[PDB]
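This report refers to the structure that appears directly beneath it.
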Amino acid sequence: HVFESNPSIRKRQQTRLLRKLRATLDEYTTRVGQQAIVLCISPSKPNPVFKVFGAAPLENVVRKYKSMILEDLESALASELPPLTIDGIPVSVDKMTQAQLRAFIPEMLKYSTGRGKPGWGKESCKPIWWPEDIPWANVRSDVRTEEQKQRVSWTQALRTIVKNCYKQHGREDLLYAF
Amino acid sequence: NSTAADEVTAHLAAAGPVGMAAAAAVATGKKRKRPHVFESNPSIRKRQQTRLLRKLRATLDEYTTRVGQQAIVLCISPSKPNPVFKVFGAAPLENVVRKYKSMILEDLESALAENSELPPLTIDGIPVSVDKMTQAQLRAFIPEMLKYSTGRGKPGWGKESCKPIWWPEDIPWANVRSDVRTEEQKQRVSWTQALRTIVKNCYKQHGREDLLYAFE
DNA sequence: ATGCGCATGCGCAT
DNA sequence: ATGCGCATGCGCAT
């Protein structure tokens, strides 16, 4: 998507998306039975909008933090690939489990190639950085030769897939968490 | 916020602070007359949580891009020892909010403060039926259930002097870490069913079979 | 001695 | 066509 430069269209979209956020969140909080809120902010003068909606009592709890969150936010304000984080927490590539790597790699691929679907098994879709000793095949199930498995554990091969991608894009800053 | 006035939210609210958080969340929606209802099956509920978080992330992304405005979703489960506190959305608001995990958790817990030898069956504080637990959850639960049932810190796996009186006759008295049944035993009863039988037998023996079937 | 949690396959909804 | 998440062994810290 793109920022909507026309304000009339921007207010139309805001209304549509905010409302869709409310309906999706209401479905989430009821069906999952979990406290969750959406928080939207604009520090525009002279009255910044601090809009919270979702589950009670989380909604009123978060509202009490308007002044502090607004303060802290003005302040933070003072080749793309995902950061090495699983659920908002940073992980070393060497810290990720096989299960974390199997989930991380298809997301990484989307960023690296631009494709929503990787096209496993089609050589025309294989990235240039794909490791030479790993078949271009769904990481769902290791299909390497049995001697390949003796040399390199599957967890280590999966880490190599990730390391090759970040280095190919020159994103050591993300891989090593500078 | 009055949660006792519906059976599902009633059972949720009596499970403790995680369940009170859940009951209050479901009750928020009952006030808006919304169509949906809570999902008692933890495998379906996990699947819906995944689908629905994906949709929220995508809508937050579109909103933040098209409207140009910082926006996050925050989800919390006040569990112990590790509470769920996931924030996602626009940066840097995402990281601003993360720094208040401490305060927001204690503030949520405050606002929510408004007879069995055997523990309740819950997944991360949410009541669950024994027939809906996964194999991993049953296998992890059994050694904790043995501590409660026998009072022993160590179960003495394989010591016949430690085998519980309710232990199922067609399962070796052996660490549920690894199924050591014979192949014919394995063909007759799935490992998940055997593990359910271990649990069911224990609760039956203690007279607390009512703790086994949350939400039917 | 014993259970936490990874490894990894693979069912199956997508 | 594709990746979530359950089934179970087992490494290994305790």
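Proteins come first, then strands; the chains are lettered A, B, ... in the order of their sequence lines, and each starts at number 1.
Checking C:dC4, C:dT8, D:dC4 against every side-chain atom of A:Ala99, the shortest atom distance belongs to C:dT8. Side-chain proximity of A:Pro118 to D:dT8, D:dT2, C:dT8: nearest is D:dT2. Candidate nucleotides D:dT2, D:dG9, C:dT8 were compared by shortest atom distance to the side chain of A:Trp154, and C:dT8 ranks first. For B:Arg139, the side-chain atoms get nearest to C:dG5 when compared with the rest of D:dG5, D:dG3, C:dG5.
Residue-level contact check: A:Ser153 touches neither bases nor backbone, having no heavy atom under 4.0 Å from any strand. Looking at heavy-atom distances under 4.0 Å, A:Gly119 makes contact with sugar-phosphate atoms alone, never a base.
Side-chain contact between B:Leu146 and B:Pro164 is present, with heavy atoms from C-beta onward closer than 4.5 Å.
B:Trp173 and B:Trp157 have tilted rings, their planes meeting at an angle from 30° to 60° on a 0 to 90° scale.
Judged by a 6.0 Å distance limit and a 45° cone about the ring axis, A:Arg22 is positioned over the six-membered ring of A:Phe53.
Side chain of B:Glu39 to backbone of A:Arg31: no donor-acceptor contact under 3.5 angstrom is found.
When the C1' atom of D:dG3 is taken as reference, atom NZ of B:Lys46 falls 13 Å away, rounded to whole Å. If you measure from atom CG of A:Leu101 to atom P of D:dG5, you get 17 Å, rounded to the nearest angstrom. Between B:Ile142 atom CD1 and C:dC4 atom P there is a gap of 12 Å when expressed in whole angstrom units. Atom CD in B:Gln193 sits roughly 17 Å away from atom P in D:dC6 (whole-Å rounding). Rounded to whole angstrom, the span from the CG atom of B:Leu195 across to the P atom of D:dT8 amounts to 10 Å. Going from atom CE of B:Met145 over to atom P of C:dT2 covers 15 Å, rounded to whole Å. Counting to the nearest Å, the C1' atom of D:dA1 and the NZ atom of A:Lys122 are 9 Å from each other. Rounded to an integer number of Å, the gap from CZ of B:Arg47 to P of D:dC6 is 10 Å.
Sorted by first and then second residue, the salt bridge (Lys or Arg N to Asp or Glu O under 4.0 Å) pairs involving residues 97-125 of chain B (not counting sequence neighbours) are B:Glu94-B:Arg98.
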Check the interface with nucleotides 12-14 of chain D: list each N/O to N/O pair with the protein under 3.5 Å, or write none.
none

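For the residue pair A:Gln13/A:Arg16, the side-chain donor-acceptor check at 3.5 Å is satisfied. No hydrogens or angles considered: a donor-acceptor pair under 3.5 Å links the side chains of B:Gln137 and B:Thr134. Side-chain atoms of A:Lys11 and A:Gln14 include a donor-acceptor pair closer than 3.5 Å. With no hydrogens or angles considered, no side-chain donor-acceptor pair links A:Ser42 and A:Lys51 at under 3.5 Å.
A donor N or O paired with an acceptor N or O is found under 3.5 Å between the base of D:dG3 and the side-chain atoms of A:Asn138.
Regarding contacts with the backbone of D:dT8, a side-chain N or O of B:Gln135 is found under 4.0 angstrom from either OP1 or OP2. Residue A:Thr97 has no polar side-chain atom (N or O) positioned under 4.0 Å from OP1 or OP2 of C:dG5. Between B:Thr50 and D:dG5 there is a side-chain N or O to OP1 or OP2 distance below 4.0 Å.
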Hey, mind stepping through A:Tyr166 and A:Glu172 against side chain to side chain donor-acceptor pair (under 3.5 Å) and telling me if it holds?
-> CA-CA 6 Å; A:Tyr166 281 74; A:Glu172 298 86 340; over 6 Å; no
Dot-bracket for DNA chain C, 5' to 3', Watson-Crick and G-U pairs with both distances under 3.5 Å, [ ] for crossing pairs, | for partner on another strand, reads .||||||||||||.
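If you take atom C1' in C:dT14 and the same atom in C:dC10, they sit 16 Å apart, rounded to whole Å.
Mapping A:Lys149 and B:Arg51 onto DNA chain C by nearest heavy atom places A:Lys149 closer to the 5' end of the strand.
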